[PDB]
Amino acid sequence: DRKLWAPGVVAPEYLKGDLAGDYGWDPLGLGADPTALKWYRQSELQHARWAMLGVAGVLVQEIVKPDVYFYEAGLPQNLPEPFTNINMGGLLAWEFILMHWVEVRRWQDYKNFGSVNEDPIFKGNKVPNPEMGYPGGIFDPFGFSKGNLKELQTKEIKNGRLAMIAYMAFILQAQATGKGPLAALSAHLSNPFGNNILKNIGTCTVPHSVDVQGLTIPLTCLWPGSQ
Amino acid sequence: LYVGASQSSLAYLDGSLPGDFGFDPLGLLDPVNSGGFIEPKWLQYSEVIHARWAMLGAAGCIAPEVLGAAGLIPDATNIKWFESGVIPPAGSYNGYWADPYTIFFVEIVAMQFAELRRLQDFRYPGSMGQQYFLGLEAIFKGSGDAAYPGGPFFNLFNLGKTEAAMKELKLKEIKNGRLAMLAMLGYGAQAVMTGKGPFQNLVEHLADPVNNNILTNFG
Amino acid sequence: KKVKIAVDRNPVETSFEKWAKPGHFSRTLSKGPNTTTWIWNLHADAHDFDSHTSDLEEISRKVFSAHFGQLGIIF
Amino acid sequence: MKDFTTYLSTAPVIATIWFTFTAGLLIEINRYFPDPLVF
Amino acid sequence: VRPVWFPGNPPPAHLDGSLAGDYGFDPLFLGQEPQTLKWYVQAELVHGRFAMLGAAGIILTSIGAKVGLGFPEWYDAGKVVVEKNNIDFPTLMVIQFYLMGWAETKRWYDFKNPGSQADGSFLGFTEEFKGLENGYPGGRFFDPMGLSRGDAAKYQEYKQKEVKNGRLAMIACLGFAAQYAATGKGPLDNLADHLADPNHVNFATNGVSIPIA
Amino acid sequence: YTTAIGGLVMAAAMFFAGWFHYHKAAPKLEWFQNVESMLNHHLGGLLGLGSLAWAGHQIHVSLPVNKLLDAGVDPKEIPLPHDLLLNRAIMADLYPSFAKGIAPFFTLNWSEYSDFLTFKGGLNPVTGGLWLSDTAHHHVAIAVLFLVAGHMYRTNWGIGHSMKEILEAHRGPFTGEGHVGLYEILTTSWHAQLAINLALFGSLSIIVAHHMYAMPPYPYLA
Amino acid sequence: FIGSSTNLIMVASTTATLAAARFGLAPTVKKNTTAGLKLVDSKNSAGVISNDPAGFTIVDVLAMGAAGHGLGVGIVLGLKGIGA
């Protein structure tokens, strides 16, 4: 049988190894309901892909632009040309409209599987969509799905889980030290016994609030550290 | 087995319960004409609950002083257990994220949810596994014994699969809990007597045992 | 010979059914009033626990609970 | 609840409630109309 | 089977889940009798609807008071309205009592005798006052959109939504009264003060709720 | 006000206890017939522990507060009872023996506590009542005496006394059998116990009236 | 305090009362007394088990310790009251 999440533990009845990356891990029994299990699988896939994109973006941004802090990169004054000091209202409007459209399409696909595959404007443009959360077609133009989709899906979910943990690590490292992941790694490599979680914890480098152009946005750390 | 045992207690103490050493000179587990709260199920349940709470209490009352003596935690923290905000006349800590009453209200809601659901599993065995609780009812089914519910969360690593292993671990748990209960009683008595932390009392006693004891601390 | 805690579980059910039936404690008063004398009797034998029944256990239980009621009034 | 209402319908409880109502009415009348001797 | 107020405890025998918002909550057995339960159902519905209207009005007026619109607080709106406009307070009281007396008396006698207000003795109207269920007076007047005479399942869902929103509104009105009695400010002022500093601006720091704090 | 709230809580507890003991957990007849155990508890626990607890309150609250009150200190300026119970400096200043702690009690140096445990007698010339140090020492002695008296009857071990045996052993030539059957009478009849208790209780109330007017124990009472 | 008169008197009193009950000279949990102060067998309800050959239980230790402490306290306070 497959290797579980712990030696000697017994996997739940609903976790028979059908989904990719199944380790029989469910201490809260949230997967007991099949509908809830499907929704949680979609949520896990979304979190995994978004976290992988965020981790890759933070790393590439720190490599290409080391003088820009990723935590404060959302400020309009830190945006690159020609988007510097741009109005955030129009930007939020653009993102809201586009993301709302794509997320409503994805949600409708979840509610009714295989019902929004066709393009609503140009008829005939459809995606195969063999499983929920795996549309394919235009989303996979390189044709990497015509093989062992199970092992590839396992690799995707495992890399996504690792990226989720890594992104939260980046967030807490930035909230406790005020620097990016590569900067924190270099600082720890300079003196491992002086720069670590033993001393960096308890201090919250994030300010109380920030005035984004006209309105103020409140900020806080994940733990009650010293401001 | 232990001192103070008698033939009266040995009639109903056959060794089935964990930690059964035949020590009951007051006859509190007599099943004949028993009721209310003085009955074997409630008494055993209360003993294991006190055991776990006292284990957490002993570890939490000695951890900040020990960690502060080693330099792992700063000097702002590392205060006595009775000066952390428990008893304001004895001392309080103002470094929390909110006042102790706000945190106390949060604790009221949290503890009421946990304790009331636990009580319902004791009163109605398995009743916490049917009503919707955001999918958490799958791990609140419990078992026959309210003191040992188990499940995917309460038994996370599935420890004690064998009956003998479970009995061994239960005996270890009750013994550690009884030791922790005695330790908590000693912590309170030392706090009232010496007015210092338990770790400080242990260090002072190890430095000079003849001149640092309950006899010399009377005056 | 052995001093222990001897207690019976749930002997009397908590209900308001007997609250609507005056004189239930007495066999003679449970029939109902026919004359005004009955009313006075209803108050003259309310605490006469040994007159309601001959069971010493029931009388002792009633006395012990009545003591708690008296202590509550005093408090 | 039926037994409780029947208990409340007994002579001492009814007399207590009725006398409390009558006494309260007389007290409130004498409070809003102090010292009434003649009509 | 259905979710109850306190999980694990069986619901009472007089609460079988037929009514809207039934959670088996009756520890004092106030509605144990059927007629008393029917009367209490109508009382709870009236209370919930009045609390919903009151909560919506208080929230809207507080919203207008927070922004520069000149709206007064809910605890001063009566005085502001009676003094700003030449309105006599006893006259308004009598008018409201007349209209409410007519409506409530018709509702009361319909509760005592169901369908008795449909005889046509009130200006010839018959079907507009027949009444669908207890506390649910359907018709073209009270329900002009006809949401109660179409899609029975949707009607039951709306009944559950109505009773739950009414209970929440009753709790909200009690919260408004307690917040004004303790802090002395408007509800949105309390909400803004809490959003400014939630760790130090709450009921545990107002100095009135917890006297030992 | 706090005492009134506590009294209401105690009243609720008493009513709950009566309901619980009549409808949920009712004691059996053999439980009520444990006169030896009941007498041991009433003598030691109730009377002795109550006297000891009141002696502790008098030593830690009544004595310093009343000493400052008789000295002319305003009640607002007098430290709170918990302040007196929290630090040894204030109590040591008011009573020097408090500087030694509870050490003289365990080393059998009770004479050191003579500052707050006296035999003054008479009355306080400032308040007209009995000296509170005398009342505190009185309650201490009463607590020790009642605690000793609470270990006389046999309950579950060999040590102790059996009242039936004591009653049966008292028999002279002028009274025939003696106290035979008295143990069964007092363990089966509530009216006989009520008669004895009411007689001694009324006599005690009269004794209380006499001792209270003759030796006024409260300040500004005489 | 160690070696003083109070300590020696208290230790001697406790040892004397504990040794009397163990060697059949004082009442115990197993042996009672009649009206003529003669040792007789008892009927203890607990029946405390003890590995001691004379049946000395922990209850006997507590009873003898309390009696010895009372005797020692009385002797110490009496000697302190007469100038001895």
# chains A, B, ... in the order shown; residues from 1 in each chain; ligands from 1
>>> select_by_dssp(residues="segment 25-122 of chain E", states="helix (DSSP H, G or I)", output="number ranges by chain")
E: 34-66, 77-84, 89-112, 116-118
>>> interface_residues(of="chain B", to="chain C", cutoff="9 Å", atoms="only C-alpha atoms", output="ChimeraX atom specification")
/B:26-28,30,32-36,38
>>> write_last_selection(atoms="N, CA and C atoms", output="mmCIF file, in the first residue's frame")
data_model
loop_
_atom_site.group_PDB
_atom_site.id
_atom_site.type_symbol
_atom_site.label_atom_id
_atom_site.label_comp_id
_atom_site.auth_asym_id
_atom_site.auth_seq_id
_atom_site.Cartn_x
_atom_site.Cartn_y
_atom_site.Cartn_z
ATOM 1 N N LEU B 26 -11.133 6.094 52.454
ATOM 2 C CA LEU B 26 -12.376 6.814 52.661
ATOM 3 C C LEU B 26 -13.555 6.177 51.934
ATOM 4 N N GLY B 27 -13.322 5.108 51.172
ATOM 5 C CA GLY B 27 -14.369 4.400 50.458
ATOM 6 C C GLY B 27 -15.196 5.217 49.490
ATOM 7 N N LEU B 28 -14.540 6.023 48.662
ATOM 8 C CA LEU B 28 -15.276 6.852 47.722
ATOM 9 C C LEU B 28 -15.675 6.123 46.445
ATOM 10 N N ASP B 30 -17.217 3.076 46.345
ATOM 11 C CA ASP B 30 -18.113 1.976 46.633
ATOM 12 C C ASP B 30 -19.299 2.068 45.682
ATOM 13 N N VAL B 32 -22.051 0.382 45.799
ATOM 14 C CA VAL B 32 -23.301 0.134 46.508
ATOM 15 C C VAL B 32 -23.840 1.452 47.046
ATOM 16 N N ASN B 33 -25.079 1.777 46.664
ATOM 17 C CA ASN B 33 -25.792 2.987 47.081
ATOM 18 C C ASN B 33 -25.009 4.262 46.766
ATOM 19 N N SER B 34 -24.452 4.312 45.562
ATOM 20 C CA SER B 34 -23.690 5.459 45.097
ATOM 21 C C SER B 34 -24.551 6.295 44.160
ATOM 22 N N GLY B 35 -24.274 7.591 44.120
ATOM 23 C CA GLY B 35 -25.035 8.473 43.262
ATOM 24 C C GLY B 35 -24.394 9.837 43.180
ATOM 25 N N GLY B 36 -25.114 10.754 42.530
ATOM 26 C CA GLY B 36 -24.639 12.121 42.364
ATOM 27 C C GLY B 36 -23.310 12.164 41.639
ATOM 28 N N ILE B 38 -20.387 11.299 43.506
ATOM 29 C CA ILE B 38 -19.529 10.312 44.180
ATOM 30 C C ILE B 38 -19.934 8.952 43.626
#
>>> select_by_dssp(residues="chain G", states="strand (DSSP E)", output="list in words")
residues 31, 32, 33, 39, 40 and 41 of chain G
>>> residues_around(residues="residue 163 of chain A", least_positions_apart="4", cutoff="6 Å", atoms="only C-alpha atoms", output="VMD selection string")
chain A and resid 51 to 52 167
>>> write_last_selection(atoms="N, CA, C and O atoms", output="PDB file, in the first residue's frame")
ATOM      1  N   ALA A  51       0.208  29.780  -4.373  1.00  0.00           N
ATOM      2  CA  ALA A  51       1.397  29.831  -3.535  1.00  0.00           C
ATOM      3  C   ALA A  51       2.655  29.583  -4.352  1.00  0.00           C
ATOM      4  O   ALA A  51       3.692  30.201  -4.094  1.00  0.00           O
ATOM      5  N   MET A  52       2.583  28.680  -5.338  1.00  0.00           N
ATOM      6  CA  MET A  52       3.744  28.433  -6.187  1.00  0.00           C
ATOM      7  C   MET A  52       4.081  29.683  -6.980  1.00  0.00           C
ATOM      8  O   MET A  52       5.256  30.062  -7.101  1.00  0.00           O
ATOM      9  N   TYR A 167       5.784  29.969   1.416  1.00  0.00           N
ATOM     10  CA  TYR A 167       5.294  31.340   1.344  1.00  0.00           C
ATOM     11  C   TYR A 167       4.947  31.863   2.727  1.00  0.00           C
ATOM     12  O   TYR A 167       5.210  33.036   3.035  1.00  0.00           O
TER      13      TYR A 167
END
>>> interface_residues(of="chain G", to="chain F", cutoff="6 Å", atoms="only C-alpha atoms", output="ChimeraX atom specification")
/G:29-30,42,44-46
>>> write_last_selection(atoms="N, CA and C atoms", output="mmCIF file, in the first residue's frame")
data_model
loop_
_atom_site.group_PDB
_atom_site.id
_atom_site.type_symbol
_atom_site.label_atom_id
_atom_site.label_comp_id
_atom_site.auth_asym_id
_atom_site.auth_seq_id
_atom_site.Cartn_x
_atom_site.Cartn_y
_atom_site.Cartn_z
ATOM 1 N N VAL G 29 -5.544 0.406 66.632
ATOM 2 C CA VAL G 29 -6.644 0.222 65.696
ATOM 3 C C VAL G 29 -7.115 -1.227 65.719
ATOM 4 N N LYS G 30 -6.295 -2.128 66.255
ATOM 5 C CA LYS G 30 -6.613 -3.544 66.340
ATOM 6 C C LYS G 30 -7.048 -3.972 67.731
ATOM 7 N N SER G 42 -10.682 -5.484 68.861
ATOM 8 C CA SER G 42 -11.633 -4.538 68.300
ATOM 9 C C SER G 42 -12.330 -5.147 67.084
ATOM 10 N N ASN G 44 -12.737 -3.164 63.909
ATOM 11 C CA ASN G 44 -12.533 -2.084 62.943
ATOM 12 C C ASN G 44 -13.201 -2.380 61.604
ATOM 13 N N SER G 45 -13.932 -1.385 61.093
ATOM 14 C CA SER G 45 -14.649 -1.544 59.832
ATOM 15 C C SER G 45 -13.718 -1.447 58.629
ATOM 16 N N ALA G 46 -12.681 -0.612 58.713
ATOM 17 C CA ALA G 46 -11.764 -0.455 57.588
ATOM 18 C C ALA G 46 -10.940 -1.716 57.357
#
>>> interface_residues(of="chain E", to="chain B", cutoff="7 Å", atoms="only C-alpha atoms", output="VMD selection string")
chain E and resid 3 7 to 8 199 to 200 204 213
>>> write_last_selection(atoms="C-alpha atoms", output="PDB file, in the first residue's frame")
ATOM      1  CA  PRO E   3     -29.830  20.605  14.945  1.00  0.00           C
ATOM      2  CA  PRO E   7     -26.087  19.611  21.054  1.00  0.00           C
ATOM      3  CA  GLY E   8     -26.556  16.223  22.649  1.00  0.00           C
ATOM      4  CA  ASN E 199      -7.729  45.110  21.858  1.00  0.00           C
ATOM      5  CA  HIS E 200      -8.432  48.036  24.212  1.00  0.00           C
ATOM      6  CA  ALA E 204     -14.017  44.647  29.062  1.00  0.00           C
ATOM      7  CA  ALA E 213     -11.831  45.550  35.950  1.00  0.00           C
TER       8      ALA E 213
END
>>> decode(residues="chain D", atoms="C-alpha atoms", output="PDB file, in the first residue's frame")
ATOM      1  CA  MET D   1     -46.867  24.238  32.571  1.00  0.00           C
ATOM      2  CA  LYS D   2     -50.513  23.256  33.057  1.00  0.00           C
ATOM      3  CA  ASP D   3     -49.803  22.030  36.590  1.00  0.00           C
ATOM      4  CA  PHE D   4     -47.853  25.210  37.371  1.00  0.00           C
ATOM      5  CA  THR D   5     -50.738  27.405  36.211  1.00  0.00           C
ATOM      6  CA  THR D   6     -53.120  25.279  38.277  1.00  0.00           C
ATOM      7  CA  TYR D   7     -50.868  25.821  41.302  1.00  0.00           C
ATOM      8  CA  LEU D   8     -50.891  29.564  40.614  1.00  0.00           C
ATOM      9  CA  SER D   9     -54.697  29.371  40.492  1.00  0.00           C
ATOM     10  CA  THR D  10     -54.875  28.141  44.105  1.00  0.00           C
ATOM     11  CA  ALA D  11     -56.534  30.304  46.771  1.00  0.00           C
ATOM     12  CA  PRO D  12     -53.343  31.562  48.584  1.00  0.00           C
ATOM     13  CA  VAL D  13     -51.474  32.511  45.392  1.00  0.00           C
ATOM     14  CA  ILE D  14     -54.575  34.137  43.874  1.00  0.00           C
ATOM     15  CA  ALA D  15     -55.268  35.995  47.129  1.00  0.00           C
ATOM     16  CA  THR D  16     -51.649  37.184  47.301  1.00  0.00           C
ATOM     17  CA  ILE D  17     -51.645  38.460  43.706  1.00  0.00           C
ATOM     18  CA  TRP D  18     -55.077  40.087  44.062  1.00  0.00           C
ATOM     19  CA  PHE D  19     -54.218  41.801  47.342  1.00  0.00           C
ATOM     20  CA  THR D  20     -50.882  42.967  45.938  1.00  0.00           C
ATOM     21  CA  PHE D  21     -52.698  44.441  42.929  1.00  0.00           C
ATOM     22  CA  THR D  22     -55.372  46.130  45.069  1.00  0.00           C
ATOM     23  CA  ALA D  23     -52.811  47.469  47.552  1.00  0.00           C
ATOM     24  CA  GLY D  24     -50.619  48.737  44.724  1.00  0.00           C
ATOM     25  CA  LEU D  25     -53.577  50.489  43.110  1.00  0.00           C
ATOM     26  CA  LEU D  26     -54.565  52.178  46.380  1.00  0.00           C
ATOM     27  CA  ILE D  27     -50.949  53.165  47.106  1.00  0.00           C
ATOM     28  CA  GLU D  28     -50.469  54.628  43.615  1.00  0.00           C
ATOM     29  CA  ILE D  29     -53.758  56.535  43.897  1.00  0.00           C
ATOM     30  CA  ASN D  30     -52.674  57.989  47.242  1.00  0.00           C
ATOM     31  CA  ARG D  31     -49.256  58.780  45.755  1.00  0.00           C
ATOM     32  CA  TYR D  32     -50.532  60.726  42.745  1.00  0.00           C
ATOM     33  CA  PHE D  33     -53.430  62.200  44.779  1.00  0.00           C
ATOM     34  CA  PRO D  34     -51.946  62.875  48.227  1.00  0.00           C
ATOM     35  CA  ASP D  35     -54.141  63.310  51.289  1.00  0.00           C
ATOM     36  CA  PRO D  36     -57.658  62.743  49.833  1.00  0.00           C
ATOM     37  CA  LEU D  37     -60.270  63.496  52.487  1.00  0.00           C
ATOM     38  CA  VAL D  38     -63.402  64.597  50.592  1.00  0.00           C
ATOM     39  CA  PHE D  39     -64.741  64.209  47.065  1.00  0.00           C
TER      40      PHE D  39
END
